[PDB]
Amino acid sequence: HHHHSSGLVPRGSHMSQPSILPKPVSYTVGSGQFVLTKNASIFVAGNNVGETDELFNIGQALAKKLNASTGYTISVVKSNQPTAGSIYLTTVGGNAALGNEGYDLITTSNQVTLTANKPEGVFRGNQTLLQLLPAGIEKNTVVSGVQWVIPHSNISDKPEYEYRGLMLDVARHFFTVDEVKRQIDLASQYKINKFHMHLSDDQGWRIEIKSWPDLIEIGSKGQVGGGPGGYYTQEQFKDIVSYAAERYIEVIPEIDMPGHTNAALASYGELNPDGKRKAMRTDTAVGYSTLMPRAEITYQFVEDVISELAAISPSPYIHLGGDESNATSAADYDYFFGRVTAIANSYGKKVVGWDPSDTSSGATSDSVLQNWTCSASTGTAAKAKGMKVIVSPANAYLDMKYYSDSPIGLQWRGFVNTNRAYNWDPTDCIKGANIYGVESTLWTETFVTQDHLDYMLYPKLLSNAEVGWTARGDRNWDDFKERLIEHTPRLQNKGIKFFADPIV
């Protein structure tokens, strides 16, 4: 048999017809079609009144999206007696084998029925439902001249990995609450279920800490390239968490330590050996900053930050970073990371950290390794300790240029086009581990505007999203590429300023 890899498309990027991404476990089409009309209602029914109330909220979220493009005023009804022309969302009789996020979605001429085990699975299934309707449905304004049809069809679905995440770096360049909510919303449509906020680095500190107010008054006032920076108040952070929760997305906040800490060091002189504030940094250098690993003030600082952040962050996890601590000795790093893990645990939070944080003698089997290095030896400690691993290989570093000539992006992991972002498996990155899942990382050294974020995340994130959701055996670039071409109008309709990748 003959095989080949993909080259660029001759003559440039290519960028009744559902466009489901990520690819579901099964999808069949039959004769006939459902028509969504102005008289449609969404019916919801759970196993008890509390569950029905949760489904009702999901129902309203769906109604809002459908109403924006159809111009209809679809409303939601708590009833298990859907009428012809209805969408029906239920958790009664879910197939347990599909787990918390899985669902069946069956469309007949008279009814759309989504059957899940949990409300979460109804929400994920609703992302597929939107992709079954014609392109145009994802517009934010009313679309005329499109019949709102869904083919008779049968879908069953569940994720391969539990953790399918996106990290946004808001330290290198700041992004507004609205901008962050938008990226969370867009990602949710592709079944991304985790959002990691990189809230602090050398160039800025982005979260209000009431006990150390100069973290904002001094530490938030810049970014890479000398823009004004910005920050989130605790109320704003809680708002982001709530917005994510409506999409069944867990928010994991990161305070990077002991490295990548210049903004803290520029805010409080007492965090430095000479007692003087560091000058703020607006360059892109890394590795030079460190907290004082053998001073008690360091641990008081970390405890105050963790106390305040834990109080406003419902996720059981806090990310404490641990990358590029090149101004911290191996011995001091081991000690520091163990000490801060104990603090986090005392506030009821489990610790996530970048490699090599798993090597800390203070780690527990409840700590999580975010494996970014993905070398043969990375996560040896994590594996021995039974720690879950989140993988972020080069293929998930979405801030890499698509190509040599990309106008934005970095290139220290090489180039990552839409094909490279697809053609990998988490088991490539680390062997013999408990792989919790995947996280796409969008560092922002070179991204200033929302358009920059869109360009780099779309279509790259779609590739990563499918790697997290769809089983390896059902992933195939030639298949995905053609599906992505079909999906393009939907990206346009969402107002995503995507890159028309010439490999698609």
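Residue positions are given as counts along the sequence shown, with the first one as 1.
Undergrad: Does the entry skip any residues of the deposited sequence between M15 and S16, and if so, is it 1 to 3, 4 to 9, or 10 or more, or none at all?
TA: According to the record, 10 or more deposited residues lack coordinates from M15 to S16.
Undergrad: Is the mean CA B factor in the deposited entry higher across 346-354 or across 376-384?
TA: Comparing 346-354 with 376-384, the higher average CA B-factor belongs to 376-384.
Undergrad: Mean Cα B factor from the PDB record: higher for 66-74, or higher for 440-448?
TA: The stretch with the larger mean CA B-factor is 66-74.
Undergrad: By the entry's C-alpha temperature factors, tell me which of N272, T418, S200, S315 sits highest.
TA: The record points to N272.
Undergrad: I'd like to know which of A433, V302, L166, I209 has the highest C-alpha temperature factor in the PDB entry.
TA: The C-alpha B-factor peaks, among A433, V302, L166, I209, at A433.
Undergrad: Name the third of the chain's ranked CA B-factors that contains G473, choosing lowest, middle or highest.
TA: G473: CA B-factor falls in the highest third of its chain.
Undergrad: Report the third (lowest, middle or highest) to which the CA temperature factor of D334 belongs, ranking only the modelled residues of the same chain.
TA: CA B-factor rank for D334: middle third.
Undergrad: Name the third of the chain's ranked CA B-factors that contains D53, choosing lowest, middle or highest.
TA: Tercile = highest for this residue's CA B-factor.
Undergrad: Going by the entry, which third of its chain does the Cα temperature factor of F34 land in?
TA: It belongs to the highest third of the chain when residues are ordered by C-alpha B-factor.
Undergrad: Comparing against every modelled residue in the chain, figure out the third that the C-alpha B-factor of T107 lands in (lowest, middle or highest).
TA: As the PDB entry reports it, the C-alpha B-factor of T107 lands in the middle third of its chain.
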